[PDB]
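One structure is given below, encoded as structure tokens.
The values are calculated or read from the model by the stated rules, or taken from the named source; these are not laboratory values. Cβ: placed from backbone, ideal geometry, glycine included. Neighbour counts: every protein chain shown.
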Amino acid sequence: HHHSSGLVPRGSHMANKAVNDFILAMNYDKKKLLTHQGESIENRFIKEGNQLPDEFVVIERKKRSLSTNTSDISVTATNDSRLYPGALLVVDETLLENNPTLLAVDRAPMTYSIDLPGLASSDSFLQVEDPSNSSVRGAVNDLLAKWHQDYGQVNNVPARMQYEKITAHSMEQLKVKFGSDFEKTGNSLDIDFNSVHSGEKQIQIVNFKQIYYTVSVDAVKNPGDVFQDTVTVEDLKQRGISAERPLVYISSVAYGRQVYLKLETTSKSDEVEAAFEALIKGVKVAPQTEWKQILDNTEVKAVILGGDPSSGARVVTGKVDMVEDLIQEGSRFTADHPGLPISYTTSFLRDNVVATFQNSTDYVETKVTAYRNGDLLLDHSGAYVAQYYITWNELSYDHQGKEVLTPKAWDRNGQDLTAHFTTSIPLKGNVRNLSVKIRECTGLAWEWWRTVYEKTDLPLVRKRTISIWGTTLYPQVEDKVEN
């Protein structure tokens, strides 16, 4: 069947079979080609003692590693022309990073199927004669506006909803979760990691995918079935394509609306998880519970990709206010605004097995416990000389991460005080083994002094008001707490 010349005529079926044979000949390790091991910086940690305004924070850096393995690649850019159903991509780091190298060579016609409800099967198949972002998007978009009349409006056609949340600890942890190209919208989300490190904030990052439709491609029978006979093995090699560097095709793309959302709070009340989770389902357990306390200390920045003139709104809508509105904007696919690429999956050209990306990393996990600042008030309205004895400890954490108690005591301890005396004392959140003893001189000689109050390890409440009064023989005392 060979040619006299010994050559393989470009544009002939022999060239396409040369290509076909070339791809089948390839041997590579799918898993090895698509694996990234992030920073494996896993060490040891210290307990830290930090003083914020209004509270004392003890910080426990534990150690964890997130590792995910999915075939679905999430879209960050708003009009990537490389990401069309059918596109050939090179398996590289470029692919591993949501910045793939397209292989635009002369492309054979492809048939797509799209999964819209209310579409006579026969009318869900689109033949595209020369696949490309322009021609594929052109074909489905024609179809949509046609489907838009005889169904789309006369029905509530609800978008597939997909929830996904994580607690930000670092950027590389978010990337393993959301995708290697998260940094883009990550840096737009204004995720202040510095303050999660120091225990001032708590950042959760949720992701909402709303899928209108998904356009797909069947298994390719023969690897060179995607090229016109004008493409030759030598063309493939000119462009770096080998078995060391094989190619995949985009086997489906899901179109719709996506929104990445950042819930930043200053409430280190470890029970934030439900405060955030609730708010997401629009439910309102009303003020003034702990939930409506947290959410008022909550800022929200959001990036929104989809269901609009093909760009992104980095909005910072303010407080927990605009979230029902965000999760509601474009919940129904109407076919008036055929949303953008939201996610896509690739299958190897050789054998059709879907490509799955293994990603991992170690991140510094920051658990935090907080001790609220308090006040201790004394009021002496009594007909006698009194003496206070007020003592406590200041808990610190030395370089080397251990527990140091540097004992303090009130300045005017042991002096005689007489009505009407009043002080207020700033006890910071780091104070332990609080002790207050109050004695009163009775004037009796057989009982000169008489202790009227004595408590060790006083709980550091927000406001405690110890008040002594009455006479030498009948003192009275109040110990009045408030929160």
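For region 413-430, give me each residue that is touching a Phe, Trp or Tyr at 6+ places or on another chain (Cβ under 8 Å), outside any loop (DSSP other than H, G, I, E, B) and in contact (Cβ under 8 Å) with a residue 40 or more places away in the chain. Result: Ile425, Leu427.
Scan region 388-402 for residues that are among the charged types (D, E, K, R) and touching a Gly at 6+ places or on another chain (Cβ under 9 Å) and report the count.
Let us first name the residues in region 388-402 that are among the charged types (D, E, K, R), namely 394, 398, 402.
From what is left, the residues that are touching a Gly at 6+ places or on another chain (Cβ under 9 Å) are 398.
The total comes to 1.
Residues that are small (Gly, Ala, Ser), more than 15 Å from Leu34 (Cβ to Cβ) and either surrounded by fewer than 17 Cβ atoms within 10 Å (Cβ to Cβ) or not assigned by CATH to the domain that holds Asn141 (or both): does region 87-95 have at least one? Within region 87-95, not a single residue is small (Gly, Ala, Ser), more than 15 Å from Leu34 (Cβ to Cβ) and either surrounded by fewer than 17 Cβ atoms within 10 Å (Cβ to Cβ) or not assigned by CATH to the domain that holds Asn141 (or both).
Under 23 Å from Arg160 (Cα atoms), in the same structural domain as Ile250 (by CATH) and part of a strand (DSSP E or B): does that describe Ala313? Steps first, please.
Details: under 23 Å from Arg160 (Cα atoms): yes; in the same structural domain as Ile250 (by CATH): yes; part of a strand (DSSP E or B): yes.
When the stated conditions are applied, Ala313 passes them.
Here region 413-426 is the region considered, the condition is being under 26 Å from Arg462 (Cβ atoms) and among the polar types (S, T, N, Q), and the residue that is surrounded by the most Cβ atoms within 10 Å (Cβ to Cβ) is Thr423.
Cβ-Cβ distances below 8 Å connect the following pairs, each with a first residue in region 458-471 that is of a type in the set (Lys, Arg), a second residue that is buried (at least 17 other Cβ atoms within 10 Å of the Cβ) and part of a strand (DSSP E or B), and a separation of six or more residues or different chains: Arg462/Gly374; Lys463/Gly374; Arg464/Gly374; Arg464/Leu376.
Conditions (1) surrounded by 17 or more Cβ atoms within 10 Å (Cβ to Cβ); (2) more than 27 Å from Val105 (Cα to Cα), marked per residue:
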position: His1; (1), (2): no, no
position: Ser4; (1), (2): no, yes
position: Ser12; (1), (2): no, no
position: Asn27; (1), (2): no, no
position: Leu33; (1), (2): yes, no
position: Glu39; (1), (2): no, yes
position: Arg44; (1), (2): no, yes
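With a requirement of 3 or more residues that are of a type outside the set (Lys, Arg) and surrounded by 21 or more Cβ atoms within 10 Å (Cβ to Cβ), the strands (runs of 3 or more DSSP E) lying completely within region 117-226 that satisfy it span 202-217.
Contact map, region 440-451: first residue of a type in the set (A, V, I, L, M), second residue in a strand (DSSP E or B), Cβ cut-off under 9 Å, separation 6 or more or different chains; pairs are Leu444/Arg450.
Give region 354-381 a look and list any residue that's under 30 Å from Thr422 (Cβ atoms), touching an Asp or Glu at 6+ places or on another chain (Cβ under 7 Å) and not hydroxyl-bearing (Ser, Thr, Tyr), or say none. Passing the criteria: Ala370, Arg372, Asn373. Hey, any hits in region 280-292 for a residue that's basic (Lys, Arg) and loosely packed, with under 15 Cβ neighbours inside 10 Å? Yes, some residue in region 280-292 is basic (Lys, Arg) and loosely packed, with under 15 Cβ neighbours inside 10 Å.
Among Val19, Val8, which is in the same structural domain as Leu189 (by CATH), hydrophobic (A, V, I, L, M, F, W, C) and surrounded by fewer than 18 Cβ atoms within 10 Å (Cβ to Cβ)?
On the way: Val19 fails: surrounded by fewer than 18 Cβ atoms within 10 Å (Cβ to Cβ).
After ruling out the rest, the residue left standing is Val8.
Pairs linking a residue in region 147-160 that is under 9 Å from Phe333 (Cα atoms) to a residue that is surrounded by fewer than 18 Cβ atoms within 10 Å (Cβ to Cβ) and among the charged types (D, E, K, R), with Cβ atoms under 7 Å and 6 or more positions apart or on different chains, are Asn156/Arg332; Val157/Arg332; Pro158/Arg332; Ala159/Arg332. Number of residues in region 269-279 that are buried (at least 18 other Cβ atoms within 10 Å of the Cβ) and out of contact with any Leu (no Cβ under 9 Å at 6 or more places or on another chain) equals 0. When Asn79 is tested against the conditions (1) over 25 Å from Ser347 (Cβ atoms); (2) outside any strand (DSSP E or B); (3) touching a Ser or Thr at 6+ places or on another chain (Cβ under 9 Å), the lone failure is (1). Whenever a residue of region 207-220 is under 14 Å from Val253 (Cβ atoms), its partners that are of a type in the set (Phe, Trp, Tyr), lying with C-beta atoms within less than 6 angstrom and at least six residues away or across chains, give the pairs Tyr212/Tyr255; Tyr212/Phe333; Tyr213/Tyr255; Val215/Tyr112; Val217/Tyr112. What tally of residues in region 431-447 results from selecting those that are in contact with a strand residue (DSSP E or B) (Cβ under 6 Å, 6 or more places away or on another chain) and assigned to a loop (DSSP other than H, G, I, E, B)? Qualifying residue count, region 431-447: 1.
For region 179-191, a tally of residues being in contact with a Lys or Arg (Cβ under 6 Å, 6 or more places away or on another chain) and not hydrophobic (A, V, I, L, M, F, W, C) returns 2. Considered as a group, the residues in region 104-140 that are in contact (Cβ under 8 Å) with a residue 40 or more places away in the chain and touching a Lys or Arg at 6+ places or on another chain (Cβ under 8 Å) include one that is farthest from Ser251 (Cα to Cα), and that residue is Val105.
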